[PDB]
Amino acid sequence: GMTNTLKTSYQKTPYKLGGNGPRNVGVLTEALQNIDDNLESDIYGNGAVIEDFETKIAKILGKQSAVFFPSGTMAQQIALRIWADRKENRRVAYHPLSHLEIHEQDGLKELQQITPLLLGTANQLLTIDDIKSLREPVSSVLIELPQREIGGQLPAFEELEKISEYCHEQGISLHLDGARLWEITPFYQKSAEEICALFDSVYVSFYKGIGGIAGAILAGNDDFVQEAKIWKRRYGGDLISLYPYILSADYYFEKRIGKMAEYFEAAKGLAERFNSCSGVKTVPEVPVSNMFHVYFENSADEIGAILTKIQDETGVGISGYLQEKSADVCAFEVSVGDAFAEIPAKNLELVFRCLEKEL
């Protein structure tokens, strides 16, 4: 049906609007080009290769220390448990579509017996008013900048300041799900340190906008990080050797961190072209990062046929899937990376000329 035809069409395209190209073994071998084969492996959380990377990212985030984790899934459940223990309160609060709530097979609930109170509604940004309306106290609030499931939306920076100030006054710990932190500094015109300064703890990824292989850093005060390392061993995350992910994380960080503004500008240019099409809009209308969602006023079956024809005729991958939203509405996500800049101008123009012609 539509699903498989679109998938196949997308997979065959030489060019892609989204991403950083194929996730293949070459991503790792490229990262190892400048590394000495005699470089010693880290050993259960210790050693220059891991310690130097932790110290470096901690300094970039303006925190006392950091711990390298195999995943954000592990790291964030642990962060919330530490704050629950400090406050003797197993309730937390976050957006209904937090990664913890929907993408971790209920790990936070099942492994930590933490009860998440959902803030606002699934379709919009949470606000300070939602926090003020909580019917019981919480140990922490978790904020995801930007809110990926609603298209990568952000509150005004001044509103994040007000949330931070209120949490400080009420003794509520504030944790940053910064999976896509690097991608938002251009819009906010704030450094990573400035944004993270409003939070007690922060998690950042190296495989999202950075385009590395896998891995995460959790950062905060020394005492906090030391407790996180104990939990890391409990979770089976204190692997003997994490260098394959540390080296690749550091390589791709240095390769792509300077491109965040470029990806933001590119995403905005692309969104303008989508919005110019009849029956097509983006959310947000003007991207505030390298990502956005594209919505259509037609069913997924109908749009899939159009996208397949266009991908086949231009060689430019638009999307490998379409999410059904209502009877006659569907959508997909775009995250701009290195692939966008490789699309020849003619092919890119043709995609939209064709899109405008088919709908």
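Quick note: we count residues from 1 along the sequence shown, nothing fancier.
Taking only CA atoms, the mean B-factor in the PDB entry is higher for 259-267 than for the other of 259-267 and 178-186. With 329-337 and 66-74 compared on mean CA B-factor from the PDB entry, the stretch scoring higher is 329-337.
Among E54, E297, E30, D42, the highest C-alpha B-factor recorded in the PDB entry belongs to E297. Sorting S133, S201, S241, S248 by the CA temperature factor given in the entry leaves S133 at the top. Among the modelled residues of its chain, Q153 has a C-alpha B-factor that falls in the lowest third according to the deposited record. Per-chain ranking of the deposited C-alpha B factor places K208 in the middle third. Annotation for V280: C-alpha temperature factor in the highest third relative to the rest of the modelled chain, per the entry. Per the deposited record, the Cα B-factor of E104 falls in the lowest third when ranked against the other modelled residues of its chain.
Sort the modelled residues of the chain by CA B factor and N290 lands in the lowest third.
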